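Take a look at the structure set out below.
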Amino acid sequence: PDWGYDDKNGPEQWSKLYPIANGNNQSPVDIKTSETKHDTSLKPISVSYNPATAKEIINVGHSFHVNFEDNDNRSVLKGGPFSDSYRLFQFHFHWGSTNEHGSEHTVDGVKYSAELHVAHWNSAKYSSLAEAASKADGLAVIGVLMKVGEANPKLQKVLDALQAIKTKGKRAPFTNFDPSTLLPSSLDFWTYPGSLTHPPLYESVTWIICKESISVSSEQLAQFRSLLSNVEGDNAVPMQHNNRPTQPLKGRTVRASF
Ligand SMILES: CC(=O)NCCc1ccc(S(N)(=O)=O)cc1
Ligand SMILES: [Zn+2]
């Protein structure tokens, strides 16, 4: 690919190939609680995922994705700022070179160790992910900040699967899993209109950032960093990091459900 997280092909240089990187609806962003606006029209977040939709886990070079079957509404996200139903299609993480950084979104300047992203697409208005991905109201992603501390047992199935997709391109069956088990006990959230955090960087994402963080141990993060970005047979190249710096709000308003 023509982009990555290294010095020459990283976030700082993405604008060369993808001009939208300097757009007015880019993500992630720094959430300043003193500037958030509480909206009473915001309904509670509602997630209902069917574990049978879990499909496959793939090493995509810069990260790894856990995909779900999205042929029907067995796994959907509703409520919040949405009137339409969004269909689950994938969840993945972002992490940094060390525990002191790793999350993409930050709160009042505080950076966390990693971030969980659960993505969905608008199946009420569109017919496929490919179609919805470029629409302003096409995607919905739940972001959960991960604070380094106690080991998170609910990450077990995911971590145990990494040994089967160590190098770029490898993929394997990942079934019978409900990602709602990874979300925090409280679903209070912040929401704002944004974009995909990496190329193609489409400004088609309605972000749902959870107020409550979930835990993850130093060793579990080490597992993410032990994944290889190279293809099998080549010199090992660890996936040290894949988080984008926060971008200018550009007049956007971050709303709070609490
Ligand atoms: C084919 C496919 O699923 N590609 C990944 C698309 C994609 C999904 C979500 C995000 S994020 N970081 O904004 O949550 C970025 C890219
Ligand atoms: Zn992401």
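Residues in the structure tokens are named by chain (A, B, ... in the order shown) and by number from 1 within that chain; ligands are numbered from 1 in the order shown.
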
Enumerate residues in contact with ligand 1: an atom-to-atom distance of at most 7 Å, counting only C-alpha atoms and all ligand atoms. Format the result as a VMD selection string.
chain A and resid 90 117 to 119 141 195 to 198

List as a list in words the protein and nucleic acid residues near residue 50 (chain A), meaning an atom at most 8 Å away when only C-alpha atoms are counted, but skip any in the same chain fewer than 4 places from it.
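Counting only C-alpha atoms, the residues come to residues 54, 74, 75, 177 and 178 of chain A.
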
I need the residues from that last selection saved to file as a PDB file, in the first residue's frame (with N, CA, C and O atoms), if you can.
```pdb
ATOM      1  N   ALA A  54     -20.098 -13.589  13.669  1.00  0.00           N
ATOM      2  CA  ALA A  54     -18.638 -13.518  13.695  1.00  0.00           C
ATOM      3  C   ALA A  54     -18.173 -14.375  12.520  1.00  0.00           C
ATOM      4  O   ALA A  54     -18.642 -15.501  12.349  1.00  0.00           O
ATOM      5  N   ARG A  74     -28.954  -9.137  11.894  1.00  0.00           N
ATOM      6  CA  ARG A  74     -28.817  -9.978  13.076  1.00  0.00           C
ATOM      7  C   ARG A  74     -27.995  -9.253  14.142  1.00  0.00           C
ATOM      8  O   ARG A  74     -28.176  -9.474  15.340  1.00  0.00           O
ATOM      9  N   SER A  75     -27.089  -8.387  13.697  1.00  0.00           N
ATOM     10  CA  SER A  75     -26.243  -7.620  14.607  1.00  0.00           C
ATOM     11  C   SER A  75     -26.360  -6.142  14.250  1.00  0.00           C
ATOM     12  O   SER A  75     -25.834  -5.699  13.228  1.00  0.00           O
ATOM     13  N   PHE A 177     -18.773 -15.182  18.441  1.00  0.00           N
ATOM     14  CA  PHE A 177     -18.290 -14.114  19.311  1.00  0.00           C
ATOM     15  C   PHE A 177     -19.163 -12.863  19.224  1.00  0.00           C
ATOM     16  O   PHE A 177     -19.462 -12.374  18.135  1.00  0.00           O
ATOM     17  N   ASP A 178     -19.558 -12.352  20.386  1.00  0.00           N
ATOM     18  CA  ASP A 178     -20.386 -11.153  20.481  1.00  0.00           C
ATOM     19  C   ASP A 178     -19.506 -10.013  20.994  1.00  0.00           C
ATOM     20  O   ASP A 178     -19.167  -9.971  22.176  1.00  0.00           O
TER      21      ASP A 178
END
```

Show which residues sit within 8 Å of residue 208 (chain A), as an MDAnalysis selection string. Count only C-alpha atoms, and ignore same-chain residues fewer than 3 positions away.
chainID A and resid 140:143 189:192

For residue 151 (chain A), list every protein, DNA or RNA residue within 12 Å, evaluated using only C-alpha atoms, and leave out those in the same chain fewer than 3 positions away; present the list as a PyMOL selection string.
chain A and resi 146-148+154-156+159+214-222

Output file for the residues above (N, CA and C atoms, as a PDB file, in the first residue's frame):
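Once written, result.pdb looks like this:
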```
ATOM      1  N   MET A 146      -8.945   2.413  25.952  1.00  0.00           N
ATOM      2  CA  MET A 146      -8.385   1.323  26.741  1.00  0.00           C
ATOM      3  C   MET A 146      -7.246   1.813  27.627  1.00  0.00           C
ATOM      4  N   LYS A 147      -7.466   1.739  28.935  1.00  0.00           N
ATOM      5  CA  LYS A 147      -6.489   2.185  29.919  1.00  0.00           C
ATOM      6  C   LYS A 147      -5.669   1.013  30.435  1.00  0.00           C
ATOM      7  N   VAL A 148      -4.348   1.124  30.331  1.00  0.00           N
ATOM      8  CA  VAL A 148      -3.461   0.060  30.783  1.00  0.00           C
ATOM      9  C   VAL A 148      -3.626  -0.191  32.278  1.00  0.00           C
ATOM     10  N   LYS A 154     -11.997 -10.627  28.803  1.00  0.00           N
ATOM     11  CA  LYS A 154     -12.891 -10.680  27.657  1.00  0.00           C
ATOM     12  C   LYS A 154     -12.204 -10.435  26.307  1.00  0.00           C
ATOM     13  N   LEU A 155     -10.891 -10.226  26.348  1.00  0.00           N
ATOM     14  CA  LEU A 155     -10.089 -10.032  25.140  1.00  0.00           C
ATOM     15  C   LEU A 155      -9.428 -11.363  24.763  1.00  0.00           C
ATOM     16  N   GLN A 156      -9.577 -12.349  25.642  1.00  0.00           N
ATOM     17  CA  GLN A 156      -8.967 -13.663  25.473  1.00  0.00           C
ATOM     18  C   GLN A 156      -9.127 -14.352  24.120  1.00  0.00           C
ATOM     19  N   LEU A 159      -7.084 -12.424  21.467  1.00  0.00           N
ATOM     20  CA  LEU A 159      -5.648 -12.587  21.647  1.00  0.00           C
ATOM     21  C   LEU A 159      -5.177 -13.987  21.260  1.00  0.00           C
ATOM     22  N   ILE A 214     -12.148   0.757  29.288  1.00  0.00           N
ATOM     23  CA  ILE A 214     -12.069  -0.658  29.622  1.00  0.00           C
ATOM     24  C   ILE A 214     -10.581  -0.876  29.865  1.00  0.00           C
ATOM     25  N   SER A 215     -10.233  -1.949  30.566  1.00  0.00           N
ATOM     26  CA  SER A 215      -8.833  -2.219  30.867  1.00  0.00           C
ATOM     27  C   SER A 215      -8.142  -3.110  29.843  1.00  0.00           C
ATOM     28  N   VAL A 216      -6.822  -3.180  29.969  1.00  0.00           N
ATOM     29  CA  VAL A 216      -5.982  -3.994  29.103  1.00  0.00           C
ATOM     30  C   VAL A 216      -4.625  -3.978  29.797  1.00  0.00           C
ATOM     31  N   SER A 217      -3.965  -5.130  29.871  1.00  0.00           N
ATOM     32  CA  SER A 217      -2.667  -5.201  30.535  1.00  0.00           C
ATOM     33  C   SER A 217      -1.505  -4.882  29.599  1.00  0.00           C
ATOM     34  N   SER A 218      -0.342  -4.620  30.188  1.00  0.00           N
ATOM     35  CA  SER A 218       0.857  -4.311  29.424  1.00  0.00           C
ATOM     36  C   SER A 218       1.222  -5.480  28.518  1.00  0.00           C
ATOM     37  N   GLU A 219       1.018  -6.698  29.015  1.00  0.00           N
ATOM     38  CA  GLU A 219       1.328  -7.907  28.259  1.00  0.00           C
ATOM     39  C   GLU A 219       0.358  -8.135  27.106  1.00  0.00           C
ATOM     40  N   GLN A 220      -0.900  -7.748  27.293  1.00  0.00           N
ATOM     41  CA  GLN A 220      -1.889  -7.920  26.235  1.00  0.00           C
ATOM     42  C   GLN A 220      -1.577  -6.969  25.085  1.00  0.00           C
ATOM     43  N   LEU A 221      -1.130  -5.764  25.424  1.00  0.00           N
ATOM     44  CA  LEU A 221      -0.771  -4.779  24.414  1.00  0.00           C
ATOM     45  C   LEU A 221       0.455  -5.285  23.664  1.00  0.00           C
ATOM     46  N   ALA A 222       1.338  -5.968  24.387  1.00  0.00           N
ATOM     47  CA  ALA A 222       2.551  -6.523  23.799  1.00  0.00           C
ATOM     48  C   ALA A 222       2.186  -7.536  22.724  1.00  0.00           C
TER      49      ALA A 222
END
```

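Residue neighbourhood of residue 247 (chain A), excluding near-sequence residues (fewer than 3 positions): residues 27, 28 and 29 of chain A, at 6 Å, using only C-alpha atoms.
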
Write the residues of the selection above to a file with C-alpha atoms, as a compact mmCIF listing (two decimals), in the first residue's frame.
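Heads up, here's the output in out-v3.txt:
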```
# COMPACT_ATOMS: atom_id res chain seq x y z
CA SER A 27 -10.91 11.98 13.10
CA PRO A 28 -9.78 11.34 15.73
CA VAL A 29 -10.11 14.47 17.86
```

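Using only C-alpha atoms, the protein and nucleic acid residues lying no more than 6 Å from residue 144 (chain A), apart from those fewer than 2 places from it along its own chain, are residues 115, 116 and 210 of chain A.
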
Any chance you can output those residues with C-alpha atoms as a PDB file, in the first residue's frame?
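Result saved to part-v7.pdb:
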```pdb
ATOM      1  CA  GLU A 115      -8.637   2.076  21.475  1.00  0.00           C
ATOM      2  CA  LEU A 116     -11.348  -0.336  20.395  1.00  0.00           C
ATOM      3  CA  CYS A 210     -17.704   5.918  25.387  1.00  0.00           C
TER       4      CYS A 210
END
```

As an exercise, work out the distance from CA of residue 245 (chain A) to CA of residue 97 (chain A) in Å and give it to one decimal place.
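One can read the CA of residue 245 (chain A) to CA of residue 97 (chain A) distance as 13.4 Å.
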
Once DSSP has gone over the backbone, tell me which residues of region 3-248 of chain A are in strand (DSSP E), as number ranges by chain.
A: 30-31, 37-38, 45-48, 54-59, 64-68, 76-79, 86-95, 106-107, 114-122, 139-148, 171-173, 189-194, 205-210, 214-216
